[PDB]
Each structure stands twice: as C-alpha cells, then as structure tokens.
Amino acid sequence: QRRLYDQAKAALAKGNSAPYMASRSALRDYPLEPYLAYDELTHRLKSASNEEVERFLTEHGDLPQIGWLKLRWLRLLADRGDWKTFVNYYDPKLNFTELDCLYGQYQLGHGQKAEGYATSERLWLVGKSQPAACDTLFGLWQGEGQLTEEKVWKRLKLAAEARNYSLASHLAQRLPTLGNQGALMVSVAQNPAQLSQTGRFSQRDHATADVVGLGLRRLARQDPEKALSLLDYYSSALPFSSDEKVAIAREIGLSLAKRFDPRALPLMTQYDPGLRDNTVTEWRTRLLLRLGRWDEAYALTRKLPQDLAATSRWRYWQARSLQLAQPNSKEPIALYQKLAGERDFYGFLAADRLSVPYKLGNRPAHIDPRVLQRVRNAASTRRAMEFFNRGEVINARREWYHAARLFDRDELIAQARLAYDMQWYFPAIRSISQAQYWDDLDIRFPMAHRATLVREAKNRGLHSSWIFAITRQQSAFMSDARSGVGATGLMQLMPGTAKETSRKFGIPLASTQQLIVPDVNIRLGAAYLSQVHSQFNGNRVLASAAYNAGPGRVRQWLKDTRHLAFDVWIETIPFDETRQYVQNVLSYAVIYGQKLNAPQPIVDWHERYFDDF
C-alpha cells in the first residue's frame, strides 16, 4: 500500500512524535522514512544515548543532512568531556570550523601539543572572525605562550587584507609593542593612497615595510600607475624582503597589464623570470598579444611550464602568435592541425584557422546496465526520485548531489542518464560534467524550452543558437537559479535590469519571484539581449560580454582600439569570469547551431575585427 506520510512529517518539525511512531510499522519500506527518524532523534538529541546516535549514524549515514547531526551531536560530546567518542567521529572533511577548533582543544588536553599548536595556528592565521569555540582554543594556545607578537601581527595583516577592519582594529589593540604600526596598517589598508606621503612612511623597520607593502598591493588594484612610481621609492627606503617584494610586483604588474600598459612588461619580466606564477605568465603573454607583439608572445609560449603548455589555450596562441609574426610560414598549420581535433573554443579557432570543419563527436559513453541498476537500487536515487515524483525539487536535487559526492567515474555517468531520461536537465548536466565524460552532447547540450526559445529568437531577429548558448551558460537550464550577488532565472536576469527591461521594450512583468517562469524569463531576457546586440552592431562577441559584464565595461575594454583581432580581444578581457563566459557562449552556439539544423560558425564574418575608432 501507498502512504500519505505528510501526516507524520507535519508532526515532528514542530510538535510531537506520535503520528510518526504510529505509522513506523507501515513505512519500513518507504524511502523517505529515514528523514522522519532523523527529525525524531534530533528534537530529543540532548537526551538520547551514544549507542542510539551511533546506531543511526551507521544505518542512515548516507543522508544529506547527516553532517548537521554530527555537528550537533559532537558539540554535546565535547560539552560533557566525552572525548573518546568525539575523536571516533570528528572528521575534518565536514568542514565545520567549530569542530576543527573543538578537535584543537582535545589535542591540547591529551598530550598532542605539536598537533594542537599547528592546529591552533592554522585556525588563527585566517583573516575573518572564527566561531566562539575557536576563542576557547586560542585561549588555551595563548595560555601556553604560543600567541606571540609576530602571529597576532600576521592575523592583523590577513584581516586588513580581507577588508575586515573591525577584526583588524580589535587585533591592533592587542599588540604590546607594535600598537602604532598596526593602527597605521588599518589606515593604509583603508586608504592606500596615503603612501603619497613618503616621509610619513619611511621608518626602516621590518614592521613598517609590512604596512607599505600591504598598501602598495591594494593601491595597485585601483591606482596602479601610482604604486609603480611609489615602489621605486619604497624599495630603497625600506627593509622589504625578497618575496615581500615580488608579491607587490605581481599585483601592480597584473593591474597594469589589465590596462594594456607596456610598463608591466619590464616589471613582470624581472620579478618573475622563471614563470613560476601562472597568472603573471598568462598576462605577460596576453599583454604582448594586445600590444601586437607577436614575435615576443611566441617566445613566451615555448617557455611555458608543461601544465600551461598543455592547455588548449596556449597551444592555440603558440600557433597564432607565430602566424601573426611570420605570416608566410607553414610551421603554424602543423600546430593548428594537432589542436583542431578538440571540442573546445581554442579547438574551434584552430579548425576555423585551417578552414576545416569543427569536431563535435557526440558519442554517449560505454555504459554497463549492472551499473545503471545498482545506482537505481541505491537508496539516495529512490529517495531523490520520490522527492521529484512528490514535487519538492530542492529536496530531490539535494539528494542527487550528496550521492554524487562518492560515485566513481563509471557510476556518475549512470546518474546523468537516469536524470536526462526524466526531462530533468540540470542534474544531468551536473552529474555528467563532474564525471567528465564530455562527449555525451545529447545530455550536456539539451533542447530545453525549445518551444519558447525558437519563437522568442525570431520575435527579435536573433539566430536561435545564440539564445540556447546564453541560457545554457547562464543557468545550465535551472528554471529557478540564483547567484552569489543575486541574479534570477534561466537567463540570469538581474534584479536591477529585470524591471527596466520590461518597461522599455513593451511587455509587463510582475515581481522578483515571477522571473522563475520560463515564458516570462526567456521573453524579457531576449529583449535585453537584442538591446545590447543593437548597442554593439549585432556583434555577439561584444554583446555576449555586455550581457554579463555591462555595456559600460565593454565600451571601456575598447578604448582606444584599431582593427583588433576578435581572438586577441577575447583573450585580453581583464575579467576571468567574463572571458570564460564569452568563450563558452560562442562555442555553445556552435554546438546548438548544429542541433537546431542551422550551422553557426564560432565567429561571424563581421564579428572578426572591431574597434572604438
């Protein structure tokens, strides 16, 4: 018989356990019964035995919520001094700092001082406020004289580095000697342009170098031309260590390079000759490409340490910097050939650079039906399916991922095909992508909301593939999706942009929680898409960037250009978030162009050269 278990579900959070106990003889089969038992135990947790919690931890250890029980239970264990049972279940990979610190306490009270000192110092040297357990640990750690001036100074630095100046200030007011330079650090950290006053910061001690160094690093981010000028002064004037000095040059160099300033080149060149910092290594090359310096760019691309030389990026830019530098040479067509077989952005360029067609190569992986049935007979699946069939997506979704925590490369691919078959495309994309079987393109690039999208493309004169590309990149088809600063929907329409876009074009919205609707979200998103499309002369390369980065930023990234190669421009976008965003959308469009029977090339004829001239 089937069971309306909600009755028991209502009872527990909040209230009593009576209906659950009543129904527990029936629900022994049902896969969601463990969620009730869980909630049952948790509401009476402080009273329950070890043996009972341990019995539950074993037999329902697979549940998503189980780490919270571990946390709640371990708190108690420690708060009674039941440390034997504590260390039996303490696990750093739960990533609760409260526990880490409690395990820190345990160490100090059980002989393990080397382990506790290093455990304490690891949790100390961290520039955010840590949980109230860690106070107790830093207390014991302090009590054994380990909390020296040096280390309180170092956490002060990390705090100011993170802009958490309340913690920074608190710590500066715990510096027996360096009370001054510590306060002076927070002032520089807050306004690094203060270092214009070279007399007021020229006291040749190791702590004063520490503040100017922090200052110069932050100042670089927003006024790099000033930090470069001030670095020439402070280097002679102060006791900068060798590696204190390089991390200043890094910041300035990267900051100058993102503004296409050639004075980055001599700095980066001297201060990281070995190519030990991959980001400098990447941006020196990027900058050479922007400045049109192909001969030099090509030289950097041979020096790359293998893990960069490996990437399909620098494989391309070795072939292309060469070709720009030596136009008549044939050596590049060899290298493009090696690379043109891949199914990524730089791969498509390589194929586009040889005039030969793209290599998509859809071929679903070799699957075992023992593996498919084993994963369907895992309880997590049966649970997640049950949440989906009931219609609580957040639950069903949560189960899928916490099961995907420890499936091997064979097993993850089973999940993906199980999900794709249920018209549930986002878990299918997520599961397959963590399995890394890239070649399944019916799962990775599905034809979701195709009714809505194909129509809304023609509505506003935009190739269908470009909308599929943008949506797939922005949400991976997750009808209700949200970001770390709060963009809403399939086309990640921003709260700000959401309302205005509606008014200006001629369709009416309702709210924040009306951008979950597909036919809403997709309609006004496609409007804003065409707005920028037109804003930049139907150039998807620029417009796609604008959709993510803002037209204002994209205009900024065109001062003052002249016949810029499209591929150089994409590479020389200062933001890493935006560069990758653009490369995906372009490449996704190629894939969707195929699947919608309408060949999109990576770049259109008129997208290839552009400027603000």
With (1) crowded, with 21+ Cβ neighbours inside 10 Å; (2) closer than 30 Å to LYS9 by Cβ; (3) not aromatic (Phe, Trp, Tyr) as the list, and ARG397 as the residue in question, which single condition is left unmet? (1)
Scan (1) surrounded by fewer than 21 Cβ atoms within 10 Å (Cβ to Cβ); (2) among the charged types (D, E, K, R); (3) over 15 Å from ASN459 (Cβ atoms) for the single condition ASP519 breaks and write down its number. (3)
So in segment 359-384, with the set limited to residues that are touching a residue at least 60 places away in the same chain (Cβ under 8 Å) and under 29 Å from the mean Cα position of the chain (by Cα), which one is farthest from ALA565 (Cα to Cα)? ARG383
Of the residues in segment 101-125, those that are within 29 Å of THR58 (Cα to Cα), out of contact with any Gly (no Cβ under 7 Å at 6 or more places or on another chain) and in contact (Cβ under 8 Å) with a residue 24 or more places away in the chain come to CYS101, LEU102, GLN105, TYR106, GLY109, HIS110
Being buried (at least 19 other Cβ atoms within 10 Å of the Cβ) and small (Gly, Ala, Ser) is the filter; apply it to segment 314-338 and report the residue that is farthest from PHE260 (Cα to Cα). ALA319
Determine if segment 79-92 includes at least one residue that is farther than 28 Å from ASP135 by Cα and in a loop (DSSP other than H, G, I, E, B). no
Every residue in segment 410-451 that is among the polar types (S, T, N, Q), more than 26 Å from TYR358 (Cα to Cα) and free of Cβ contacts under 8 Å to residues at least 12 places away in the same chain, please. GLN423
Selection status of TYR528, crowded, with 21+ Cβ neighbours inside 10 Å, hydroxyl-bearing (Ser, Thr, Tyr), in contact (Cβ under 8 Å) with a residue 40 or more places away in the chain and assigned to a helix (DSSP H, G or I): no
For the list (1) free of Cβ contacts under 8 Å to residues at least 24 places away in the same chain; (2) part of a helix (DSSP H, G or I), I need the number of the one condition that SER465 fails. (1)
With in contact with a helix residue (DSSP H, G or I) (Cβ under 7 Å, 6 or more places away or on another chain) and either without any contact (Cβ under 8 Å) to a residue 60 or more places away in the chain or surrounded by 14 or more Cβ atoms within 10 Å (Cβ to Cβ) (or both) as the only criterion, which of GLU225, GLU244 stands out? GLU244
Just one listed residue, out of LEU76, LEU27, is free of Cβ contacts under 8 Å to residues at least 60 places away in the same chain and under 37 Å from the mean Cα position of the chain (by Cα), and it is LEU76
Unique match (being more than 19 Å from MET491 (Cα to Cα), over 29 Å from the mean Cα position of the chain (by Cα) and basic (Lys, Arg)) among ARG553, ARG562: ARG562
What is the residue count in segment 52-104 for residues that are crowded, with 16+ Cβ neighbours inside 10 Å, of a type in the set (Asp, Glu) and within 29 Å of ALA384 (Cα to Cα)? 1
Can you pull out the residues in segment 567-613 that are surrounded by fewer than 21 Cβ atoms within 10 Å (Cβ to Cβ), farther than 19 Å from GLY552 by Cα, among the aromatic types (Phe, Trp, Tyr) and within 25 Å of the chain's Cα centre (by Cα)? none
Please tell me if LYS504 is basic (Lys, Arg), assigned to a helix (DSSP H, G or I) and more than 11 Å from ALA527 (Cα to Cα). no
Filter segment 495-508 down to residues that are surrounded by fewer than 19 Cβ atoms within 10 Å (Cβ to Cβ) and aliphatic (A, V, I, L, M), then give me how many there are. 1
Can you list the helices (runs of 4 or more DSSP H) lying wholly within segment 191-259 that have 3 or more residues being among the hydroxyl-bearing types (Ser, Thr, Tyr) and more than 18 Å from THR269 (Cβ to Cβ)? 224-237
Options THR279, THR269, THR285, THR311: the member that is surrounded by fewer than 17 Cβ atoms within 10 Å (Cβ to Cβ), out of contact with any strand residue (DSSP E or B) (no Cβ under 9 Å at 6 or more places or on another chain) and farther than 30 Å from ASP210 by Cβ: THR311
For the subset of segment 473-501 comprising residues that are of a type in the set (A, V, I, L, M) and assigned to a loop (DSSP other than H, G, I, E, B), which member is farthest from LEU453 (Cα to Cα)? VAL485
State the number of residues belonging to segment 378-396 that are outside any loop (DSSP other than H, G, I, E, B) and over 18 Å from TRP68 (Cα atoms). 13
Those residues that are assigned to a helix (DSSP H, G or I), closer than 16 Å to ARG75 by Cβ and either of a type in the set (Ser, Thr, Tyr) or touching an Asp or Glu at 6+ places or on another chain (Cβ under 8 Å) (or both), I need them from segment 33-58; list them, please. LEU41, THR42, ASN50
Considering only residues that are assigned to a helix (DSSP H, G or I) and of a type outside the set (A, V, I, L, M), look in segment 173-190 and name the one that is farthest from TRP153 (Cα to Cα). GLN190
Looking only at residues that are under 14 Å from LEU32 (Cα atoms) and in contact (Cβ under 8 Å) with a residue 60 or more places away in the chain in segment 386-409, which one is farthest from the chain's Cα centre (by Cα)? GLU386
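Let's see how each residue does on (1) under 21 Å from the mean Cα position of the chain (by Cα); (2) within 18 Å of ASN597 (Cβ to Cβ); (3) in a helix (DSSP H, G or I):
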residue: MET422; (1), (2), (3): no, no, no
residue: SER431; (1), (2), (3): yes, no, yes
residue: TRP438; (1), (2), (3): yes, no, no
residue: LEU453; (1), (2), (3): no, yes, yes
If the Cβ limit is 6 Å and pairs must be 6+ apart or interchain, which residue in segment 594-613 that is without any contact (Cβ under 8 Å) to a residue 40 or more places away in the chain pairs with which residue that is crowded, with 16+ Cβ neighbours inside 10 Å and assigned to a helix (DSSP H, G or I)? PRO599/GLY593
If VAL590 passes every condition in (1) closer than 23 Å to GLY461 by Cα; (2) assigned to a loop (DSSP other than H, G, I, E, B); (3) not acidic (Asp, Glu) but one, which one does it miss? (2)
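Quick reminder, even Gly has a Cβ in these numbers, built from the backbone with ideal geometry, and neighbours come from all protein chains shown. Only the coordinates and a few stated rules stand behind these numbers; no lab work does.
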